[PDB]
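This is data.txt (compact mmCIF, N, CA and C atoms).
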# COMPACT_ATOMS: atom_id res chain seq x y z
N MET A 1 -91.31 -110.12 -183.59
CA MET A 1 -90.88 -110.62 -182.25
C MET A 1 -89.40 -110.34 -182.06
N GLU A 2 -89.04 -109.06 -182.04
CA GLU A 2 -87.64 -108.67 -181.86
C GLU A 2 -87.55 -107.42 -181.00
N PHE A 3 -86.95 -107.56 -179.82
CA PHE A 3 -86.80 -106.43 -178.91
C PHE A 3 -85.65 -106.67 -177.94
N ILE A 4 -85.33 -105.66 -177.14
CA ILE A 4 -84.24 -105.78 -176.17
C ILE A 4 -84.60 -106.79 -175.09
N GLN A 5 -85.83 -106.71 -174.60
CA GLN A 5 -86.29 -107.63 -173.56
C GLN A 5 -85.66 -109.01 -173.75
N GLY A 6 -84.96 -109.48 -172.72
CA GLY A 6 -84.31 -110.78 -172.78
C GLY A 6 -82.81 -110.66 -172.51
N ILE A 7 -82.31 -109.43 -172.51
CA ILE A 7 -80.90 -109.19 -172.27
C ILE A 7 -80.67 -108.73 -170.83
N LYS A 8 -79.41 -108.59 -170.45
CA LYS A 8 -79.07 -108.16 -169.10
C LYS A 8 -78.43 -106.77 -169.12
N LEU A 9 -78.92 -105.90 -168.25
CA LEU A 9 -78.39 -104.54 -168.18
C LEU A 9 -77.41 -104.40 -167.02
N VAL A 10 -76.68 -103.29 -167.00
CA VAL A 10 -75.71 -103.06 -165.93
C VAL A 10 -76.11 -101.85 -165.09
N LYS A 11 -76.23 -102.07 -163.78
CA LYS A 11 -76.61 -101.00 -162.86
C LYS A 11 -75.40 -100.12 -162.54
N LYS A 12 -75.63 -98.82 -162.48
CA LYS A 12 -74.56 -97.87 -162.18
C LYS A 12 -73.67 -98.41 -161.05
N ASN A 13 -74.23 -99.28 -160.22
CA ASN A 13 -73.49 -99.85 -159.12
C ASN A 13 -72.59 -100.99 -159.61
N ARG A 14 -72.24 -100.94 -160.89
CA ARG A 14 -71.40 -101.97 -161.48
C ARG A 14 -72.04 -103.34 -161.33
N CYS A 15 -73.37 -103.35 -161.21
CA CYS A 15 -74.10 -104.60 -161.06
C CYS A 15 -74.78 -105.00 -162.37
N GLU A 16 -75.33 -106.20 -162.41
CA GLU A 16 -76.00 -106.69 -163.61
C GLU A 16 -77.41 -107.17 -163.27
N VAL A 17 -78.34 -106.93 -164.19
CA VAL A 17 -79.73 -107.33 -163.99
C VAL A 17 -80.41 -107.62 -165.32
N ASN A 18 -81.63 -108.14 -165.26
CA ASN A 18 -82.38 -108.45 -166.48
C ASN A 18 -83.21 -107.25 -166.92
N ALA A 19 -82.71 -106.52 -167.91
CA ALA A 19 -83.42 -105.34 -168.41
C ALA A 19 -84.92 -105.58 -168.45
N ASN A 20 -85.32 -106.85 -168.53
CA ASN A 20 -86.73 -107.19 -168.58
C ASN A 20 -87.48 -106.52 -167.43
N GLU A 21 -87.05 -106.81 -166.21
CA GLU A 21 -87.68 -106.23 -165.03
C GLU A 21 -86.92 -105.00 -164.56
N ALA A 22 -85.63 -104.96 -164.88
CA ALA A 22 -84.79 -103.83 -164.48
C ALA A 22 -85.24 -102.55 -165.17
N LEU A 23 -85.72 -102.68 -166.40
CA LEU A 23 -86.18 -101.52 -167.16
C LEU A 23 -87.47 -100.96 -166.57
N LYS A 24 -88.00 -101.64 -165.56
CA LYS A 24 -89.23 -101.20 -164.92
C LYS A 24 -90.10 -100.43 -165.91
N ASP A 25 -90.08 -99.10 -165.81
CA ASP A 25 -90.86 -98.27 -166.71
C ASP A 25 -92.33 -98.66 -166.65
N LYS A 26 -92.65 -99.83 -167.18
CA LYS A 26 -94.03 -100.30 -167.18
C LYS A 26 -94.97 -99.16 -167.54
N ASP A 27 -94.39 -98.07 -168.03
CA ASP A 27 -95.18 -96.90 -168.41
C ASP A 27 -94.58 -96.21 -169.63
N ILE A 28 -93.45 -95.54 -169.45
CA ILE A 28 -92.79 -94.84 -170.54
C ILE A 28 -91.28 -95.07 -170.52
N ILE A 29 -90.65 -94.93 -171.67
CA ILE A 29 -89.20 -95.12 -171.77
C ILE A 29 -88.58 -94.05 -172.67
N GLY A 30 -87.37 -93.62 -172.32
CA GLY A 30 -86.69 -92.61 -173.11
C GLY A 30 -85.25 -93.02 -173.41
N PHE A 31 -84.93 -93.14 -174.70
CA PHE A 31 -83.59 -93.52 -175.11
C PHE A 31 -82.72 -92.28 -175.31
N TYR A 32 -81.61 -92.21 -174.59
CA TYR A 32 -80.71 -91.06 -174.71
C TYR A 32 -79.43 -91.45 -175.45
N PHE A 33 -79.09 -90.66 -176.47
CA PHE A 33 -77.88 -90.93 -177.25
C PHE A 33 -76.95 -89.72 -177.22
N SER A 34 -75.77 -89.90 -176.65
CA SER A 34 -74.80 -88.82 -176.56
C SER A 34 -73.67 -89.19 -175.60
N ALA A 35 -72.72 -90.00 -176.09
CA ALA A 35 -71.59 -90.41 -175.26
C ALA A 35 -70.72 -89.21 -174.93
N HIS A 36 -71.36 -88.07 -174.72
CA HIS A 36 -70.63 -86.84 -174.41
C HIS A 36 -69.83 -87.00 -173.12
N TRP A 37 -69.47 -88.24 -172.79
CA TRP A 37 -68.70 -88.49 -171.58
C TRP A 37 -67.21 -88.28 -171.86
N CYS A 38 -66.75 -88.75 -173.01
CA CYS A 38 -65.35 -88.60 -173.38
C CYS A 38 -65.08 -87.18 -173.89
N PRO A 39 -65.90 -86.72 -174.80
CA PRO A 39 -65.77 -85.36 -175.39
C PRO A 39 -66.54 -84.31 -174.59
N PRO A 40 -66.27 -83.06 -174.84
CA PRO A 40 -66.95 -81.93 -174.13
C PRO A 40 -68.40 -81.77 -174.57
N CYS A 41 -69.21 -81.16 -173.71
CA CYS A 41 -70.62 -80.96 -174.01
C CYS A 41 -71.43 -80.81 -172.73
N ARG A 42 -70.86 -80.09 -171.76
CA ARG A 42 -71.54 -79.88 -170.48
C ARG A 42 -72.56 -78.75 -170.59
N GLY A 43 -73.62 -78.84 -169.79
CA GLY A 43 -74.66 -77.83 -169.79
C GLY A 43 -76.03 -78.44 -170.09
N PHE A 44 -76.05 -79.45 -170.95
CA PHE A 44 -77.30 -80.12 -171.30
C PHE A 44 -77.62 -81.21 -170.29
N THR A 45 -76.58 -81.88 -169.81
CA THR A 45 -76.76 -82.96 -168.85
C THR A 45 -77.52 -82.48 -167.61
N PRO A 46 -77.00 -81.49 -166.93
CA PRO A 46 -77.65 -80.94 -165.71
C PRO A 46 -79.11 -80.57 -165.95
N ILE A 47 -79.51 -80.56 -167.22
CA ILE A 47 -80.89 -80.23 -167.56
C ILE A 47 -81.76 -81.48 -167.46
N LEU A 48 -81.33 -82.54 -168.12
CA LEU A 48 -82.07 -83.79 -168.10
C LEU A 48 -82.01 -84.40 -166.70
N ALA A 49 -80.90 -84.15 -165.99
CA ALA A 49 -80.75 -84.67 -164.64
C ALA A 49 -81.72 -83.98 -163.70
N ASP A 50 -82.06 -82.74 -164.00
CA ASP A 50 -83.00 -82.01 -163.17
C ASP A 50 -84.42 -82.44 -163.52
N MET A 51 -84.60 -82.85 -164.77
CA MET A 51 -85.90 -83.30 -165.24
C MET A 51 -86.20 -84.70 -164.71
N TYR A 52 -85.28 -85.63 -164.94
CA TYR A 52 -85.47 -86.99 -164.46
C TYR A 52 -85.40 -87.02 -162.95
N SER A 53 -84.69 -86.04 -162.38
CA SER A 53 -84.57 -85.96 -160.93
C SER A 53 -85.91 -85.60 -160.31
N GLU A 54 -86.61 -84.65 -160.92
CA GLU A 54 -87.91 -84.25 -160.43
C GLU A 54 -88.90 -85.39 -160.65
N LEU A 55 -89.00 -85.83 -161.89
CA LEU A 55 -89.90 -86.93 -162.23
C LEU A 55 -89.56 -88.15 -161.38
N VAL A 56 -88.27 -88.38 -161.16
CA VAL A 56 -87.84 -89.52 -160.35
C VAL A 56 -88.41 -89.40 -158.95
N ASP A 57 -88.31 -88.21 -158.39
CA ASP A 57 -88.85 -87.96 -157.07
C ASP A 57 -90.32 -88.33 -157.07
N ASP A 58 -90.95 -88.16 -158.23
CA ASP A 58 -92.36 -88.48 -158.40
C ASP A 58 -92.52 -89.90 -158.92
N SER A 59 -91.48 -90.70 -158.72
CA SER A 59 -91.50 -92.08 -159.19
C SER A 59 -91.39 -92.09 -160.71
N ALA A 60 -90.82 -91.02 -161.24
CA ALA A 60 -90.63 -90.86 -162.67
C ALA A 60 -91.28 -92.00 -163.45
N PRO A 61 -92.49 -91.79 -163.88
CA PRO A 61 -93.27 -92.80 -164.67
C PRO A 61 -92.58 -93.19 -165.97
N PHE A 62 -91.25 -93.28 -165.95
CA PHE A 62 -90.51 -93.65 -167.14
C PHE A 62 -89.03 -93.88 -166.83
N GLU A 63 -88.38 -94.70 -167.66
CA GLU A 63 -86.97 -95.03 -167.48
C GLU A 63 -86.12 -94.50 -168.63
N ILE A 64 -84.88 -94.14 -168.32
CA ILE A 64 -83.96 -93.63 -169.33
C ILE A 64 -82.97 -94.71 -169.75
N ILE A 65 -82.90 -94.97 -171.05
CA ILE A 65 -81.98 -95.97 -171.57
C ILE A 65 -80.62 -95.34 -171.81
N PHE A 66 -79.56 -96.03 -171.40
CA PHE A 66 -78.21 -95.50 -171.57
C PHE A 66 -77.56 -96.04 -172.84
N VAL A 67 -77.37 -95.16 -173.81
CA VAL A 67 -76.75 -95.54 -175.08
C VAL A 67 -75.60 -94.59 -175.40
N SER A 68 -75.12 -94.63 -176.64
CA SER A 68 -74.03 -93.76 -177.05
C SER A 68 -72.69 -94.36 -176.66
N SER A 69 -71.66 -94.05 -177.44
CA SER A 69 -70.32 -94.57 -177.17
C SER A 69 -69.94 -94.40 -175.70
N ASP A 70 -70.61 -95.14 -174.83
CA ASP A 70 -70.33 -95.09 -173.40
C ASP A 70 -69.38 -96.21 -173.02
N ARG A 71 -68.82 -96.85 -174.03
CA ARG A 71 -67.90 -97.96 -173.82
C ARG A 71 -67.10 -97.79 -172.53
N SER A 72 -67.17 -96.61 -171.93
CA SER A 72 -66.46 -96.38 -170.69
C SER A 72 -67.30 -96.85 -169.51
N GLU A 73 -66.85 -97.91 -168.86
CA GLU A 73 -67.59 -98.45 -167.72
C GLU A 73 -67.56 -97.46 -166.57
N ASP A 74 -66.50 -96.67 -166.51
CA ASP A 74 -66.38 -95.67 -165.45
C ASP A 74 -67.19 -94.44 -165.81
N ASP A 75 -67.02 -93.95 -167.03
CA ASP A 75 -67.76 -92.77 -167.46
C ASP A 75 -69.23 -93.13 -167.64
N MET A 76 -69.50 -94.43 -167.75
CA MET A 76 -70.87 -94.90 -167.91
C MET A 76 -71.59 -94.84 -166.57
N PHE A 77 -71.01 -95.47 -165.56
CA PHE A 77 -71.63 -95.48 -164.23
C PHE A 77 -71.52 -94.10 -163.59
N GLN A 78 -70.44 -93.39 -163.90
CA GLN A 78 -70.24 -92.06 -163.34
C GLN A 78 -71.31 -91.09 -163.83
N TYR A 79 -71.50 -91.04 -165.14
CA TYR A 79 -72.51 -90.16 -165.72
C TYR A 79 -73.89 -90.55 -165.22
N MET A 80 -74.14 -91.85 -165.13
CA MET A 80 -75.42 -92.34 -164.66
C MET A 80 -75.65 -91.94 -163.21
N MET A 81 -74.61 -92.08 -162.39
CA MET A 81 -74.72 -91.74 -160.98
C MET A 81 -74.55 -90.23 -160.78
N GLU A 82 -73.98 -89.56 -161.77
CA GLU A 82 -73.78 -88.12 -161.68
C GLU A 82 -75.11 -87.38 -161.59
N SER A 83 -76.19 -88.08 -161.93
CA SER A 83 -77.53 -87.50 -161.89
C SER A 83 -78.25 -87.71 -163.22
N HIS A 84 -77.60 -88.41 -164.14
CA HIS A 84 -78.18 -88.66 -165.45
C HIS A 84 -78.90 -90.01 -165.47
N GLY A 85 -80.18 -89.99 -165.83
CA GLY A 85 -80.97 -91.21 -165.89
C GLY A 85 -80.93 -91.96 -164.57
N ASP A 86 -82.11 -92.35 -164.07
CA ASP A 86 -82.18 -93.07 -162.81
C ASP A 86 -82.71 -94.49 -163.00
N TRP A 87 -81.97 -95.30 -163.76
CA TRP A 87 -82.40 -96.68 -163.99
C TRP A 87 -81.23 -97.58 -164.37
N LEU A 88 -81.19 -98.00 -165.63
CA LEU A 88 -80.14 -98.90 -166.09
C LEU A 88 -79.44 -98.39 -167.35
N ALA A 89 -78.42 -99.14 -167.75
CA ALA A 89 -77.64 -98.82 -168.94
C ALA A 89 -77.33 -100.10 -169.71
N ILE A 90 -77.72 -100.14 -170.98
CA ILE A 90 -77.47 -101.32 -171.80
C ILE A 90 -76.00 -101.44 -172.13
N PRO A 91 -75.35 -102.46 -171.64
CA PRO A 91 -73.91 -102.67 -171.91
C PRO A 91 -73.61 -102.56 -173.40
N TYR A 92 -72.92 -101.50 -173.79
CA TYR A 92 -72.58 -101.28 -175.20
C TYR A 92 -72.45 -102.62 -175.92
N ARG A 93 -72.11 -103.65 -175.16
CA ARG A 93 -71.96 -104.99 -175.73
C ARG A 93 -73.31 -105.68 -175.82
N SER A 94 -74.37 -104.88 -175.82
CA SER A 94 -75.72 -105.40 -175.89
C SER A 94 -76.32 -105.17 -177.27
N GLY A 95 -75.72 -105.79 -178.29
CA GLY A 95 -76.19 -105.65 -179.66
C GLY A 95 -77.54 -104.94 -179.72
N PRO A 96 -78.56 -105.52 -179.15
CA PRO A 96 -79.93 -104.93 -179.14
C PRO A 96 -79.91 -103.41 -178.96
N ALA A 97 -78.85 -102.90 -178.35
CA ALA A 97 -78.71 -101.46 -178.14
C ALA A 97 -78.35 -100.78 -179.45
N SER A 98 -77.49 -101.43 -180.23
CA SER A 98 -77.09 -100.88 -181.52
C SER A 98 -78.26 -100.97 -182.48
N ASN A 99 -78.67 -102.19 -182.79
CA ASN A 99 -79.80 -102.40 -183.69
C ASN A 99 -80.93 -101.45 -183.31
N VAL A 100 -81.04 -101.17 -182.02
CA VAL A 100 -82.06 -100.27 -181.52
C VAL A 100 -81.88 -98.88 -182.13
N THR A 101 -80.68 -98.34 -181.97
CA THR A 101 -80.36 -97.02 -182.51
C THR A 101 -80.48 -97.03 -184.03
N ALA A 102 -79.91 -98.06 -184.62
CA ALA A 102 -79.93 -98.21 -186.06
C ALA A 102 -81.32 -98.60 -186.55
N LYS A 103 -82.12 -99.14 -185.64
CA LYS A 103 -83.48 -99.54 -185.98
C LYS A 103 -84.41 -98.34 -185.93
N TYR A 104 -84.18 -97.46 -184.95
CA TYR A 104 -85.01 -96.27 -184.81
C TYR A 104 -84.63 -95.22 -185.85
N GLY A 105 -83.52 -95.45 -186.54
CA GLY A 105 -83.06 -94.52 -187.56
C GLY A 105 -82.48 -93.26 -186.93
N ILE A 106 -81.88 -93.41 -185.75
CA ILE A 106 -81.30 -92.28 -185.05
C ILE A 106 -80.03 -91.81 -185.76
N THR A 107 -78.89 -91.95 -185.09
CA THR A 107 -77.62 -91.54 -185.67
C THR A 107 -77.52 -90.02 -185.74
N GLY A 108 -78.59 -89.34 -185.34
CA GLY A 108 -78.61 -87.88 -185.35
C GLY A 108 -78.05 -87.33 -184.05
N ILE A 109 -77.35 -88.18 -183.30
CA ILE A 109 -76.76 -87.78 -182.03
C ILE A 109 -76.04 -86.44 -182.17
N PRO A 110 -76.11 -85.61 -181.17
CA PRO A 110 -76.86 -85.90 -179.91
C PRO A 110 -78.37 -85.79 -180.11
N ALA A 111 -79.12 -86.73 -179.53
CA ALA A 111 -80.57 -86.71 -179.66
C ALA A 111 -81.22 -87.56 -178.57
N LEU A 112 -82.50 -87.30 -178.31
CA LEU A 112 -83.23 -88.05 -177.29
C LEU A 112 -84.52 -88.62 -177.87
N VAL A 113 -84.70 -89.93 -177.75
CA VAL A 113 -85.89 -90.58 -178.28
C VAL A 113 -86.82 -91.01 -177.14
N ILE A 114 -88.11 -90.77 -177.32
CA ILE A 114 -89.09 -91.13 -176.31
C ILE A 114 -90.14 -92.08 -176.86
N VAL A 115 -90.29 -93.23 -176.20
CA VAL A 115 -91.26 -94.23 -176.62
C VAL A 115 -92.01 -94.77 -175.41
N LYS A 116 -93.23 -95.23 -175.63
CA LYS A 116 -94.04 -95.78 -174.55
C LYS A 116 -93.57 -97.18 -174.19
N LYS A 117 -93.64 -97.51 -172.90
CA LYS A 117 -93.20 -98.82 -172.44
C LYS A 117 -93.76 -99.92 -173.34
N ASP A 118 -95.04 -99.81 -173.67
CA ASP A 118 -95.68 -100.80 -174.53
C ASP A 118 -95.01 -100.84 -175.89
N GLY A 119 -94.19 -99.83 -176.18
CA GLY A 119 -93.49 -99.76 -177.45
C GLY A 119 -94.17 -98.76 -178.39
N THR A 120 -95.02 -97.91 -177.82
CA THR A 120 -95.73 -96.91 -178.61
C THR A 120 -94.86 -95.67 -178.81
N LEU A 121 -94.97 -95.06 -179.99
CA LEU A 121 -94.19 -93.87 -180.29
C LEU A 121 -94.94 -92.62 -179.83
N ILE A 122 -94.18 -91.66 -179.31
CA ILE A 122 -94.77 -90.43 -178.82
C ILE A 122 -94.01 -89.23 -179.37
N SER A 123 -92.75 -89.12 -178.97
CA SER A 123 -91.90 -88.02 -179.41
C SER A 123 -90.45 -88.47 -179.48
N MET A 124 -89.87 -88.43 -180.67
CA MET A 124 -88.49 -88.85 -180.85
C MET A 124 -87.53 -87.75 -180.40
N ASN A 125 -86.97 -87.02 -181.36
CA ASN A 125 -86.05 -85.94 -181.05
C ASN A 125 -86.74 -84.87 -180.21
N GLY A 126 -87.42 -85.30 -179.16
CA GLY A 126 -88.13 -84.38 -178.29
C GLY A 126 -87.15 -83.67 -177.36
N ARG A 127 -85.86 -83.76 -177.69
CA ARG A 127 -84.84 -83.13 -176.87
C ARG A 127 -85.26 -81.73 -176.45
N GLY A 128 -84.99 -80.75 -177.30
CA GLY A 128 -85.36 -79.37 -176.98
C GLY A 128 -86.76 -79.30 -176.40
N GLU A 129 -87.62 -80.22 -176.83
CA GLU A 129 -88.99 -80.24 -176.34
C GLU A 129 -89.00 -80.44 -174.83
N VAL A 130 -88.27 -81.44 -174.36
CA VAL A 130 -88.20 -81.70 -172.93
C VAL A 130 -87.46 -80.56 -172.24
N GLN A 131 -86.29 -80.24 -172.77
CA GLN A 131 -85.48 -79.16 -172.22
C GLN A 131 -86.26 -77.85 -172.23
N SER A 132 -87.19 -77.73 -173.18
CA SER A 132 -88.00 -76.52 -173.28
C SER A 132 -89.12 -76.55 -172.25
N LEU A 133 -89.85 -77.66 -172.21
CA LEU A 133 -90.95 -77.81 -171.27
C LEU A 133 -90.44 -78.32 -169.92
N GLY A 134 -89.18 -78.71 -169.87
CA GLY A 134 -88.60 -79.22 -168.63
C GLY A 134 -89.42 -80.39 -168.11
N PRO A 135 -89.50 -80.53 -166.81
CA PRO A 135 -90.27 -81.64 -166.17
C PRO A 135 -91.75 -81.58 -166.53
N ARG A 136 -92.18 -80.46 -167.11
CA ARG A 136 -93.57 -80.30 -167.50
C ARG A 136 -93.80 -80.94 -168.86
N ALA A 137 -92.70 -81.32 -169.51
CA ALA A 137 -92.78 -81.95 -170.82
C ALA A 137 -93.42 -83.33 -170.70
N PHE A 138 -93.34 -83.91 -169.50
CA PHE A 138 -93.92 -85.22 -169.26
C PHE A 138 -95.22 -85.37 -170.04
N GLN A 139 -95.85 -84.24 -170.36
CA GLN A 139 -97.09 -84.26 -171.12
C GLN A 139 -96.82 -84.58 -172.58
N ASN A 140 -95.81 -83.93 -173.14
CA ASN A 140 -95.45 -84.17 -174.53
C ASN A 140 -94.76 -85.53 -174.65
N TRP A 141 -93.88 -85.81 -173.70
CA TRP A 141 -93.16 -87.08 -173.68
C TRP A 141 -94.12 -88.22 -173.36
N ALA A 142 -95.25 -87.88 -172.73
CA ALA A 142 -96.24 -88.89 -172.37
C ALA A 142 -97.59 -88.55 -172.97
N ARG A 143 -97.60 -87.54 -173.81
CA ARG A 143 -98.83 -87.10 -174.46
C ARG A 143 -99.67 -88.30 -174.89
Structure re-expressed in structure tokens:
Amino acid sequence: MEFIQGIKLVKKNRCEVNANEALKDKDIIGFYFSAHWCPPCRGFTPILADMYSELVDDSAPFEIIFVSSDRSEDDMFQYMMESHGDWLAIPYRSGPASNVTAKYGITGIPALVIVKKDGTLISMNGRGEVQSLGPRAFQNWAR
């Protein structure tokens, strides 16, 4: 009985909500790790933004979790509003976000983890997988 549910997330609009309902998803969820906001690493973002953008247009049957040294409230909301992930971002001060990364055994950043809303595993480092299959990856990410 240990999960993020129960905490409050921050909306790119500098707002706050209960990740419980804010995380919507109710279908699939994808955790993204790469605070590439402070350091360089452009080129990959516009890829996921085009993927979540398409899926989003289709009501993207999944939500993107905002993780990674995003301690930047400006670079956090900016990147989120820049076209990256169309949902919420766990306030770096949301322990559950750390234990989450450390719980999933990530730390392989940059990397993208995909899990089912119910908490089912599908594809972890499916990064290149999604970027490879693009918006059509929804099958592998939702296989």
Exercise. Out of A:140, A:99, A:13, A:34, which residue has the shortest atom-to-atom distance to residue 121 in chain A when counting only C-alpha atoms?
Worked result: A:140
For this session: Write out as a ChimeraX atom specification each polymer residue whose atoms come within 7 Å of residue 75 in chain A, counting only N, CA and C atoms; drop sequence neighbours fewer than 4 positions from it.
Result: /A:37-38,70-71,79-80
For this session: If you run DSSP over the backbone, which residues in chain A end up alpha helix (DSSP H)? Put them as a VMD selection string.
Result: chain A and resid 19 to 22 45 to 57 73 to 81 96 to 104 127 to 133 138 to 141
For residue 120 in chain A, list every protein, DNA or RNA residue within 10 Å, evaluated using only C-alpha atoms, and leave out those in the same chain fewer than 6 positions away; present the list as a compact mmCIF listing (two decimals) with N, CA and C atoms, keeping the file's coordinate frame.
# COMPACT_ATOMS: atom_id res chain seq x y z
N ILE A 28 -93.45 -95.54 -169.45
CA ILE A 28 -92.79 -94.84 -170.54
C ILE A 28 -91.28 -95.07 -170.52
N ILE A 29 -90.65 -94.93 -171.67
CA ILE A 29 -89.20 -95.12 -171.77
C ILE A 29 -88.58 -94.05 -172.67
N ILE A 114 -88.11 -90.77 -177.32
CA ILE A 114 -89.09 -91.13 -176.31
C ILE A 114 -90.14 -92.08 -176.86
For this session: DSSP on the backbone, then: every residue of range 42-124 of chain A marked strand (DSSP E), written as an MDAnalysis selection string.
Result: chainID A and resid 62:66 111:116 121:123
For this session: Tell me which protein, DNA and RNA residues are within 7 Å of range 90-92 of chain A, counting only N, CA and C atoms, leaving out same-chain ones fewer than 3 positions away, and put them as a PyMOL selection string.
Result: chain A and resi 8-10+65-67+70-71+95+97-98
Complete the atoms of range 7-22 of chain A to N, CA, C and O atoms and put them out as a PDB file, in the coordinates of the input.
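What ended up in result-v9.pdb:
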ATOM      1  N   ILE A   7     -82.310-109.430-172.510  1.00  0.00           N
ATOM      2  CA  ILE A   7     -80.900-109.190-172.270  1.00  0.00           C
ATOM      3  C   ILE A   7     -80.670-108.730-170.830  1.00  0.00           C
ATOM      4  O   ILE A   7     -81.625-108.520-170.074  1.00  0.00           O
ATOM      5  N   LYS A   8     -79.410-108.590-170.450  1.00  0.00           N
ATOM      6  CA  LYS A   8     -79.070-108.160-169.100  1.00  0.00           C
ATOM      7  C   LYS A   8     -78.430-106.770-169.120  1.00  0.00           C
ATOM      8  O   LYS A   8     -77.532-106.504-169.919  1.00  0.00           O
ATOM      9  N   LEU A   9     -78.920-105.900-168.250  1.00  0.00           N
ATOM     10  CA  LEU A   9     -78.390-104.540-168.180  1.00  0.00           C
ATOM     11  C   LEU A   9     -77.410-104.400-167.020  1.00  0.00           C
ATOM     12  O   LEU A   9     -77.315-105.283-166.174  1.00  0.00           O
ATOM     13  N   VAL A  10     -76.680-103.290-167.000  1.00  0.00           N
ATOM     14  CA  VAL A  10     -75.710-103.060-165.930  1.00  0.00           C
ATOM     15  C   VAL A  10     -76.110-101.850-165.090  1.00  0.00           C
ATOM     16  O   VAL A  10     -76.312-100.753-165.603  1.00  0.00           O
ATOM     17  N   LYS A  11     -76.230-102.070-163.780  1.00  0.00           N
ATOM     18  CA  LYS A  11     -76.610-101.000-162.860  1.00  0.00           C
ATOM     19  C   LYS A  11     -75.400-100.120-162.540  1.00  0.00           C
ATOM     20  O   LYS A  11     -74.290-100.624-162.358  1.00  0.00           O
ATOM     21  N   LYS A  12     -75.630 -98.820-162.480  1.00  0.00           N
ATOM     22  CA  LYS A  12     -74.560 -97.870-162.180  1.00  0.00           C
ATOM     23  C   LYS A  12     -73.670 -98.410-161.050  1.00  0.00           C
ATOM     24  O   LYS A  12     -72.501 -98.037-160.944  1.00  0.00           O
ATOM     25  N   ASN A  13     -74.230 -99.280-160.220  1.00  0.00           N
ATOM     26  CA  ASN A  13     -73.490 -99.850-159.120  1.00  0.00           C
ATOM     27  C   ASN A  13     -72.590-100.990-159.610  1.00  0.00           C
ATOM     28  O   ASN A  13     -72.239-101.889-158.849  1.00  0.00           O
ATOM     29  N   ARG A  14     -72.240-100.940-160.890  1.00  0.00           N
ATOM     30  CA  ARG A  14     -71.400-101.970-161.480  1.00  0.00           C
ATOM     31  C   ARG A  14     -72.040-103.340-161.330  1.00  0.00           C
ATOM     32  O   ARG A  14     -71.362-104.365-161.308  1.00  0.00           O
ATOM     33  N   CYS A  15     -73.370-103.350-161.210  1.00  0.00           N
ATOM     34  CA  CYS A  15     -74.100-104.600-161.060  1.00  0.00           C
ATOM     35  C   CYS A  15     -74.780-105.000-162.370  1.00  0.00           C
ATOM     36  O   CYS A  15     -74.796-104.220-163.324  1.00  0.00           O
ATOM     37  N   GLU A  16     -75.330-106.200-162.410  1.00  0.00           N
ATOM     38  CA  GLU A  16     -76.000-106.690-163.610  1.00  0.00           C
ATOM     39  C   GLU A  16     -77.410-107.170-163.270  1.00  0.00           C
ATOM     40  O   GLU A  16     -77.650-107.735-162.205  1.00  0.00           O
ATOM     41  N   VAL A  17     -78.340-106.930-164.190  1.00  0.00           N
ATOM     42  CA  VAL A  17     -79.730-107.330-163.990  1.00  0.00           C
ATOM     43  C   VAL A  17     -80.410-107.620-165.320  1.00  0.00           C
ATOM     44  O   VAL A  17     -79.831-107.380-166.383  1.00  0.00           O
ATOM     45  N   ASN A  18     -81.630-108.140-165.260  1.00  0.00           N
ATOM     46  CA  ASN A  18     -82.380-108.450-166.480  1.00  0.00           C
ATOM     47  C   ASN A  18     -83.210-107.250-166.920  1.00  0.00           C
ATOM     48  O   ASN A  18     -84.277-106.985-166.362  1.00  0.00           O
ATOM     49  N   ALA A  19     -82.710-106.520-167.910  1.00  0.00           N
ATOM     50  CA  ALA A  19     -83.420-105.340-168.410  1.00  0.00           C
ATOM     51  C   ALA A  19     -84.920-105.580-168.450  1.00  0.00           C
ATOM     52  O   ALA A  19     -85.711-104.638-168.409  1.00  0.00           O
ATOM     53  N   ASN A  20     -85.320-106.850-168.530  1.00  0.00           N
ATOM     54  CA  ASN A  20     -86.730-107.190-168.580  1.00  0.00           C
ATOM     55  C   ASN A  20     -87.480-106.520-167.430  1.00  0.00           C
ATOM     56  O   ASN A  20     -88.426-105.765-167.651  1.00  0.00           O
ATOM     57  N   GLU A  21     -87.050-106.810-166.210  1.00  0.00           N
ATOM     58  CA  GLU A  21     -87.680-106.230-165.030  1.00  0.00           C
ATOM     59  C   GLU A  21     -86.920-105.000-164.560  1.00  0.00           C
ATOM     60  O   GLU A  21     -87.484-104.114-163.922  1.00  0.00           O
ATOM     61  N   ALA A  22     -85.630-104.960-164.880  1.00  0.00           N
ATOM     62  CA  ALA A  22     -84.790-103.830-164.480  1.00  0.00           C
ATOM     63  C   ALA A  22     -85.240-102.550-165.170  1.00  0.00           C
ATOM     64  O   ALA A  22     -85.153-101.461-164.602  1.00  0.00           O
TER      65      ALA A  22
END
